[PDB]
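Each chain, written out:
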Number of protein chains: 2
Amino acid sequence: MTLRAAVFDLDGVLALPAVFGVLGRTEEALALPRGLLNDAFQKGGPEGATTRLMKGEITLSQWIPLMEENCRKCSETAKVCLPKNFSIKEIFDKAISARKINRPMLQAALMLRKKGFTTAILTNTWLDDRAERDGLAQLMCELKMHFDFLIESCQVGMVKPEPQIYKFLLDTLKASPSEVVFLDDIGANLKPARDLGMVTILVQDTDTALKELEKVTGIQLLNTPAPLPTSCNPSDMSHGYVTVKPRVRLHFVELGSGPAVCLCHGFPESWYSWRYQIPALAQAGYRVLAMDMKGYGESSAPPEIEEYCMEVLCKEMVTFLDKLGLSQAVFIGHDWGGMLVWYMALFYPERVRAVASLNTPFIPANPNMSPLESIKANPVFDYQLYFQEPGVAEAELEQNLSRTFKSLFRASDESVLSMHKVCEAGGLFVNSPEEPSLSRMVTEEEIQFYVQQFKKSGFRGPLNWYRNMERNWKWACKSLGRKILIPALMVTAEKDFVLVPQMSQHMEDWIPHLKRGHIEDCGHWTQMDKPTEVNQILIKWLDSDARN
Amino acid sequence: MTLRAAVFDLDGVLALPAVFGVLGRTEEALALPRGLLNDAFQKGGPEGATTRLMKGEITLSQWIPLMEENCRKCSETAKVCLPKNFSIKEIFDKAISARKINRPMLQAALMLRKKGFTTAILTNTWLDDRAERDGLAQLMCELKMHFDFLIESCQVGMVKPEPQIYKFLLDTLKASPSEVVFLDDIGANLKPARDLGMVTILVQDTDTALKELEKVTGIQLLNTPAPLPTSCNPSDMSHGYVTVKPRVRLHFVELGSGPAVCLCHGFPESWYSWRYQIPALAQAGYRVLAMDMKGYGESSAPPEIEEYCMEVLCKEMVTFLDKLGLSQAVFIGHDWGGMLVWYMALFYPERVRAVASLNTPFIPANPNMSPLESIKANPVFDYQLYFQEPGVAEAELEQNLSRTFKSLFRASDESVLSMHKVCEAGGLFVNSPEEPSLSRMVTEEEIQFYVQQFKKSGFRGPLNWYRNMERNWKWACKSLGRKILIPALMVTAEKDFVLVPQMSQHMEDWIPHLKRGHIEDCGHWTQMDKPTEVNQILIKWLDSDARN
Ligand SMILES: C[C@]12CC[C@@H]3c4ccc(O)cc4C[C@@H](CCCCCCCCC[S@@](=O)CCCC(F)(F)C(F)(F)F)[C@H]3[C@@H]1CC[C@@H]2O
Ligand SMILES: C[C@]12CC[C@@H]3c4ccc(O)cc4C[C@@H](CCCCCCCCC[S@@](=O)CCCC(F)(F)C(F)(F)F)[C@H]3[C@@H]1CC[C@@H]2O
Ligand SMILES: [Mg+2]
Ligand SMILES: [Mg+2]
């Protein structure tokens with residue numbers, strides 16, 4: 001009554017198992033005198049080597065010998081001999097990579113931050129200059145995105161339980177002592193907090209710690225449902241810009257290091273449709289290049305229809321790689337991005353490390369029949385005839401941008417359109433609501449981002465993708481001799497009623513080594529409908545097929 | 001009289017050794033009947049499997065079995081048995097990675113393109129879907145940057161020596177038959193060219209081919225001096241944008257895949273100062289992020305002096321990594337970038353994969369003496385006192401932007417300034433020319449790029465880097481306990497008279513494993529003065545120390 005901020009210790013609170021645990025275990029393993037190693041660590045007290053380390057006076061690699069000094073003469077006071085193969089670097093290396101994020105604590109912090117809490121990490125830690133310091137660096141990267149502040153002892157020159165660092169914390173949070181909970185696995189670090197008037201929590205096991213936190217904050221933290229993957233705030237993203245042609249510039253969002261993964265969105269979407277998988281895939285060891293496909297967002301949207309036929313579209317993606325200096329990327333696509341992705345594989349497989357499509361099956365061209373005839377045969381594609389005459393489909397979709405996306409971006413059990421007889425009634429929205437309810441898949445804010453984006457170039461660019469049926473037919477017919485023998489994945493969505501899974505049923509004919517994925521209760525808008533299981537599928541397939 | 005275009009075959013002209021050579025060699029190795037393999041390759045003629053392959057009807061992996069079919073029954077006509085361990089995939093894999101760019105031909109083409117020729121590659125080649133097709137993909141990437149067109153048979157559905165493809169070529173070059181030379185290692189591909197009125201050259205050995213080309217073009221191609229590394233045209237580059245703070249956005253150019261290499265330029269420069277090493281390093285297997293440092297170019301240039309002290313500068317580079325999703329990058333710096341780079345290592349070594357500096361030595365702070373006193377002691381730093389009073393140094397450097405860079409960017413034997421008594425005379429240019437001659441290091445065009453860039457935010461941002469001596473002194477003093485134990489390089493420039501090499505002489509005290517480099521006849525502007533030997537040094541050290 002009333003907290004506003006949450007401060008989490010790192011070792012033994014946000015990250016487990018703690019590194020003090022690898023003191024005690026090593027001793028028992030080596031049958032060393034109880035303590036010894038822990039006595040060497042704490043040797044010297046406030047003026048000891050470990051306190052200098054934690055204040056950033058010296059680096060971890062400077063400390064290793066100083067720590068061994070302490071283990072040499074702690075063992076000489078008890079007249080004990082160190083073991084033949086002792087390496088305090090080796091012990092501490094293992095402890096550090098063994099340490100991993102305590103997931104239920106990290107969720108608990110997100111939850112509190114979702115509800116208006118100012119969260120921060122307060123940790124005694126070190127300037128890590130070891131050969132394998134990249135391990136911890138990643139751990140710290142993943143963590144810090146989720147907190148307003150990361151206060152490390154070696155960066156600020158102050159260390160727990162010194163009262164001064166707590167005053168720093170308060171000053172940094174811009175909050176009074178009784179407005180902040182501080183959780184830590186050490187009694188001594190809580191006393192100074194309590195003295196300023198802070199609520200503290202002695203963290204032993206994680207579950208009991210949350211109960212306390214839960215109780216004192218009055219917000220459900222334990223047992224809450226599995227939360228969504230990390231989303232992307234556009235202004236934190238790295239934005240990239242490549243001109244591939246006189247008046248064609250492609251825009252993309254970049255995040256991660258590793259093999260290039262190029263995400264190609266569908267109709268009527270944007271790079272932001274991959275908001276749930278950009279961070280995930282980065283995290284999985286990949287360099288995500290999430291595209292604004294030509295016609296959309298901050299990519300160019302030149303008026304000409306011809307500019308959006310698959311061939312020119314594909315060539316431009318090649319030029320995009322060329323200018324970025326990439327010999328390959330693994331292309332992953334959805335809806336129209338899917339179609340295009342498959343064609344990159346068939347026409348430029350030297351540039352495609354691997355290929356993957358959500359929802360969109362690879363269907364080869366029918367060399368006898370023209371596709372404009374085939375699409376009249378199947379009434380679920382009746383909306384595509386409507387999209388043919390330039391200007392008509394634009395007027396409606398632009399009439400009210402908000403209404404348009406709210407109406408489109410819905411789960412399969414939230415349908416608000418009649419699918420067929422679209423030319424019949426003359427409009428996609430004819431008998432649809434002006435102010436539709438907000439779908440469970442998308443917040444108000446996420447919609448308005450799409451709204452923002454389509455205010456630049458509208459729907460002429462996007463719709464033109466449907467206006468090169470004949471031209472793409474002729475092109476694809478050149479590939480009818482070919483097959484796909486590079487790694488390929490097909491993810492089907494049970495309840496995509498327009499890109500039905502049955503359409504993919506013959507795909508192993510032209511792609512014999514095709515791997516598959518399937519999602520129950522999944523509409524057309526796969527990525528925001530089932531982001532958790534999409535990432536799970538894609539990462540697994542990336543790690544197994546797209547690298548090693 | 002007069003050519004305007006040059007067309008180069010790939011296999012056996014721009015890339016050696018040719019893949020037909022790995023037909024003949026394999027036969028001799030295996031004591032196979034003369035021909036056999038070559039007979040299987042050409043089997044079927046215009047309607048054979050190999051002709052289908054070259055037209056993009058089928059992929060390379062589709063062709064392997066069809067080629068083995070032909071090697072099964074070519075050997076059965078002579079009643080011969082194939083060897084126990086025959087694998088026509090294995091033979092062709094080796095041939096393809098063994099094939100490498102014929103460097104003197106590639107130079108010859110650049111030269112011709114430098115002199116107004118429209119260059120193009122005309123090659124019979126294939127849709128490569130092998131497991132190891134990334135090898136050839138890179139080879140093709142490196143090549144195509146240097147040519148206006150790359151015309152592959154499998155992309156256009158036409159093959160040499162079909163007359164139609166030559167007509168395509170002419171149409172693509174927008175040039176008449178007698179305005180184009182076509183070089184190829186096969187007689188049959190020259191006849192159709194000659195019939196339209198083309199000049200041809202039968203390429204056997206490379207040297208004799210150039211003599212012919214040389215003779216018919218009337219431009220020195222053989223024996224010409226070692227040309228400069230590939231430079232960067234800004235509009236072909238990928239441009240990146242990250243906001244690291246409310247009103248601070250960092251801009252960078254990106255090229256390459258692999259470990260992150262972050263290039264930090266000096267005063268008064270830009271990302272473009274690394275124009276010679278961006279492509280090189282990309283090529284060496286690295287992902288180059290060439291920065292516009294805060295205060296410069298399309299990066300923000302906020303007025304406040306404090307915004308350019310090393311600490312905030314460094315933190316922002318950390319945030320830059322954070323938002324790009326990078327746990328580390330290898331930071332390489334020059335002049336002021338150098339100083340900053342060293343401090344990243346001392347304050348954030350978990351984020352620095354390795355560290356490197358051109359010219360700028362690491363000198364630790366003198367904890368007793370304030371640096372503003374030290375800089376008056378040494379008259380070569382007299383220009384830095386001049387840079388202290390806000391506004392004065394700006395007025396002069398902005399007075400004439402062209403004059404300013406022309407005056408600065410000069411080699412050591414082209415000096416046009418008096419170095420000391422700068423406060424004395426009151427100006428960097430006091431007794432310097434209004435229209436200086438154009439330095440051998442920089443074309444007119446390269447200067448005007450710098451001019452363009454500094455028209456945005458001028459010199460307030462840049463100069464402020466020199467205006468936090470006291471604040472950076474206090475900061476650096478915190479590191480006086482530390483050492484640098486991550487991989488580190490120091491490149492010294494013989495004739496940098498302001499960043500003299502002797503300044504670096506004690507650096508192994510705080511950086512015991514420091515590796516070194518030195519360049520003779522090298523001024524302060526290392527990168528454009530000696531771009532060839534800079535890349536050589538940096539790539540070697542990157543490959544040895546920054547990876548494996
Ligand atoms: C398989 C096919 C013959 C070959 C056709 C073909 C071949 C090559 C090519 O480049 C295009 C096509 C058209 C295709 C059209 C099939 C594409 C299937 C859809 C994949 C593209 C994007 C689906 S996107 O419009 C769904 C958006 C729904 C929605 F956004 F909610 C909307 F608001 F309703 F629009 C091929 C024909 C379909 C039936 C016929 O048997
Ligand atoms: C080593 C030093 C004591 C410590 C000083 C220090 C410590 C920490 C710190 O952050 C800054 C300094 C200032 C430094 C200043 C030394 C920096 C040497 C220059 C590296 C920074 C950029 C050189 S840049 O101005 C050259 C541009 C030349 C030019 F562009 F052509 C210009 F037009 F002339 F300007 C340290 C003192 C110098 C002498 C004294 O013994
Ligand atoms: Mg702890
Ligand atoms: Mg050839």
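Residues numbered from 1 in each chain as written, not as in the entry; some residues may be left out. Chains lettered and ligands numbered in written order. Heavy atoms only, no water. Residues with missing side-chain atoms left out of burial classes, pairs and counts.

1. Points about the pattern of salt bridges
- Counted under the stated rule, the structure contains 72 salt bridges over all chains.
- Among the ionic pairs, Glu434 of chain B bridges to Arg403 of chain B, the shortest N-O distance being 3.4 Å. Of the two residues, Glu434 of chain B sits in the loop between α19 (422-425) and α20 (444-457) while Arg403 of chain B sits in helix α18 (residues 401-408), which places them 31 residues apart along the sequence.
- With relative accessibility at 52%, the residue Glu434 of chain B sits in the exposed group.
- Assessed through its relative accessible area of 13%, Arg403 of chain B is described here as buried.
- Put simply, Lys89, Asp93, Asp128, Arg130 and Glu132 of chain A are held in one network by salt bridges that share partners. (Salt bridge = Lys/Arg side-chain N within 4 Å of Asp/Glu carboxyl O. Helix = DSSP H or I, 4+ residues; strand = E, 2+ residues; numbered from the N terminus. Buried < 20%, exposed > 50% of the residue type's maximum accessible area, 1.4 Å probe, protein only.)

2. Focus: the sheet that holds strand β6 (residues 180-184) of chain B
Residues and elements named next belong to chain B.
- Pairing is parallel in the open sheet, where five strands are placed in the order β5-β4-β1-β6-β7. One side of each edge strand has no neighbouring strand; the edge strands of this open sheet are β5 (149-152) and β7 (199-202). Neighbouring strand axes in the sheet, compared pairwise and without regard to direction, differ in orientation by 20° on average.
- Against the sheet, helix α11 (residues 206-217) contacts β1 (5-8), β6 and β7, and its axis sits at roughly 160° relative to β7. (Pairing = 2+ DSSP bridges. Axes fitted to C-alpha atoms, helices over the stretch in contact; angles between N-to-C directions. Contact = heavy atoms within 4.5 Å.)

3. Structural notes on the relation of the copies chain B and chain A
- The transform that puts chain B on chain A rotates by 180° and translates by 0.0 Å along the axis, for an RMSD of 0.0 Å. Each copy turns onto its partner about a two-fold axis. The rotation axis passes nearest to the C-alpha of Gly240 of chain B in chain B, at a distance of 2.2 Å. (Least-squares fit on C-alpha atoms.)

4. Considering the pairing of strand β8 (residues 238-245) of chain B
- Of all the eight residues making up β8 of chain B, six are buried; the element is thus mostly covered by neighbouring parts of the structure.
- Inspection of the sheet shows strand β8 (residues 238-245) of chain A paired to β8 of chain B by three bridges, in the antiparallel sense. By the bridge assignment, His239 of chain A is partnered in β8 of chain B with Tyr241 of chain B.
- Here β8 of chain B runs beside strand β9 (residues 248-255) of chain B; their pairing, made up of seven bridges, is antiparallel. Directly across from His239 of chain B, in β9 of chain B, lies its bridge partner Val253 of chain B.
- Following β8 of chain B, the chain reverses through two residues before pairing antiparallel with β9 of chain B.

5. Some words on the UniProt feature "binding site: Mg(2+)" in chain A
Residue and element names in this part refer to chain A.
- The UniProt entry lists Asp9, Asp11 and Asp185 under the feature "binding site: Mg(2+)", expressed in the numbering used here. Spanning 177 residues, the named residues form one tight spatial group whose C-alpha atoms are at most 7.9 Å apart.
- Position of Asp9 among the secondary structure elements: in the loop between β1 (5-8) and β2 (15-16).
- If we ignore the near neighbours within four places in the chain, the residues touching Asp9 are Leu14, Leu122, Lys160, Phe182, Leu183, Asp184 and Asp185.
- With respect to the helices, strands and loops of the structure, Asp11 is situated in the loop between β1 and β2.
- Not counting residues within four places of it along the chain, the set of residues in contact with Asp11 comprises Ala18, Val19, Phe20, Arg99 and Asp185.
- For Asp11, the side chain forms a polar contact with the main-chain nitrogen of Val19, separated by 3.0 Å. (UniProt positions renumbered as here; feature names shortened; annotations may be inferred. Polar contact = N/O pair within 3.5 Å; in protein donor to acceptor, adjacent residues only side chain to side chain.)

6. A word on the interface of chain B and chain A
- Across the contact, 55 residues belong to chain B and 55 residues belong to chain A.
- A buried area of about 4,200 Å², summed over both sides, lies between chain B and chain A, and 47% of it is on carbon and sulfur atoms.
- Counting across the interface, chain B meets chain A through six salt bridges.
- Of the charged contacts, one joins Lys144 of chain A and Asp322 of chain B as a salt bridge, the two residues approaching to 2.9 Å between their closest N and O atoms.
- On the surface where chain B and chain A come into contact, there are 24 residue pairs in polar contact. (Buried area = accessible area lost by both parts, 1.4 Å probe.)

7. Observations concerning the coordination of the magnesium ion (ligand 3)
- Coordination of the magnesium ion (ligand 3) by the protein is provided by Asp9 of chain A (OD), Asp11 of chain A (O) and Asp185 of chain A (OD), with metal-donor distances spanning 1.9 to 2.2 Å.
- The exposure class of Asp185 of chain A is partly exposed, given its relative accessible area of 28%. (Donors = N, O, S within 2.8 Å, 3.2 Å for Na, K, Ca; no water.)

8. Comments concerning the packing of helix α4 (residues 60-77) of chain B against helix α5 (residues 88-98) of chain B
Residues and elements named next belong to chain B.
- At a minimum axis distance of 10 Å, the contact between α4 and α5 shows a crossing angle of 120°. As the angle between them shows, α4 and α5 are arranged oblique. Here α4 runs over α5; the crossing is right-handed. Seen from α4, the contacting residues are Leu60, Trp63, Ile64, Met67, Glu68 and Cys71; seen from α5, they are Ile88, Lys89, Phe92 and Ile96.
- The residue inventory of the contact of α4 with α5, partitioned by class, reads eight nonpolar, no polar and two charged. (Parallel < 35°, antiparallel > 145°, perpendicular 65-115°, else oblique. Left-handed = near helix turned anticlockwise from the far one by under 90°. Nonpolar A, V, L, I, M, F, W, Y, C, P; charged D, E, K, R; others polar.)

9. Focus: the coordination of the magnesium ion (ligand 4)
All names here are of chain B.
- Within the protein, the atoms that donate to the magnesium ion (ligand 4) are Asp9 (OD), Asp11 (O) and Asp185 (OD), at distances of 1.9 to 2.2 Å.
- In the primary sequence, the donor residues of the magnesium ion (ligand 4) line up as D-x1-D-x173-D. Highlighted residues: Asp9 in the loop between β1 and β2 (15-16) and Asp185 in the loop between β6 and α10 (191-196), separated in sequence by 176 residues.
- Take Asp9: its relative accessible area is 4%, and that puts it in the buried class.

10. Concerning the site of ligand 1
Residues and elements named next belong to chain A.
- Close to ligand 1 lie 18 residues; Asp335, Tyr383, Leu408, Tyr466 and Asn472 are nearest.
- At 2.4 Å from an oxygen atom of ligand 1 is found a side-chain nitrogen or oxygen belonging to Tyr466.
- When ligand 1 sits alone it has 860 Å² of accessible area, and the protein chains cover 89% of it.
- Among the secondary structure elements, those contributing two or more residues to the shell around ligand 1 are α14 (336-347), α16 (382-386) and α22 (469-476).
- Of the residues in the shell around ligand 1, the class split is 13 nonpolar, four polar and one charged. (Near = heavy atom within 4 Å. Areas by Shrake-Rupley, 256 points an atom, 1.4 Å probe, with all protein chains shown as cover.)

11. Digging into helix α9 (residues 163-173) of chain B
All names here are of chain B.
- Those residues of α9 that fall on the buried side of the exposure criterion are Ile165, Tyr166, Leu169, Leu170 and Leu173. Angularly, the buried residues of α9 cover 150° about the axis, an arc narrow enough to put them on a single face. Residues of α9 that are exposed and angled more than 90 degrees away from the buried face: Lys167 and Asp171.
- Summarising the contacts, the buried residues of α9 are in contact with β1, β4 (118-123), β5, α8 (153-156), β6 and α10.
- Where α9 ends, the next residue or the one after it, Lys174, has phi of about 55°, a positive value. (Arc of directions from axis to C-beta.)

12. Focus: the site of ligand 2
Residue and element names in this part refer to chain B.
- Neighbouring ligand 2 are 18 residues, the closest being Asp335, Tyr383, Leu408, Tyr466 and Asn472.
- Between ligand 2 and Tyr383, the relevant distance is 2.6 Å, taken from an oxygen atom to a side-chain nitrogen or oxygen of the residue.
- In this structure, an oxygen atom belonging to ligand 2 sits 2.4 Å away from a side-chain N or O atom of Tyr466.
- Here ligand 2 loses 89% of its free accessible area of 850 Å² to cover by the protein chains.
- For the shell around ligand 2, the secondary-structure elements that each account for two or more residues are α14 (336-347), α16 (382-386) and α22 (469-476).
- Considered class by class, the residues forming the shell around ligand 2 number 13 nonpolar, four polar and one charged.

13. A few points about the side chain of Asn468 of chain A
All names here are of chain A.
- Here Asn468 lies in the loop between α21 (460-463) and α22.
- A residue is classified by how much of its surface remains accessible, and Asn468, at 1% relative accessible area, is buried.
- A distance of 3.3 Å separates a polar atom in the side chain of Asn468 from the backbone oxygen of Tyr308.
- From its side chain, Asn468 meets the backbone oxygen of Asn464 in a polar contact 3.0 Å long.
- What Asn468 contacts, discounting residues up to four positions off in sequence, is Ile305, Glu306, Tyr308 and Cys309.

14. Details of the environment of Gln204 of chain B
- When you line up the elements, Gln204 of chain B lands in the loop between β7 and α11.
- Owing to a relative accessible area of 67%, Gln204 of chain B belongs among the exposed residues under this scheme.

15. Examining the pairing of β6 of chain B
Residues and elements named next belong to chain B.
- The element β6 is extensively covered by neighbouring structure, given that five of its five residues are classed as buried.
- Pairing between β6 and β7: four bridges, direction parallel. Bridging across to β7, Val181 finds its partner in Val199.
- For the segment spanning β6, α10 and β7, crossover handedness is right-handed. (Right-handed = clockwise from strand over helix to strand, strands pointing away.)

16. Examining the packing of helix α18 (residues 401-408) of chain A against helix α20 (residues 444-457) of chain A
Residues and elements named next belong to chain A.
- Put simply, α18 and α20 touch, their axes get as near as 9 Å, and they point 125° apart. In terms of axis orientation, α18 runs oblique to α20. Crossing geometry of α18 relative to α20 is assigned as right-handed. When α18 is examined against α20, the residues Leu401, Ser402, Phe405 and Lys406 are found in contact with a partner set consisting of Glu444, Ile447, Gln448, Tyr450, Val451, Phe454 and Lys455.
- Along the lines of polarity and charge, the residues of the contact of α18 with α20 split into six nonpolar, two polar and three charged.

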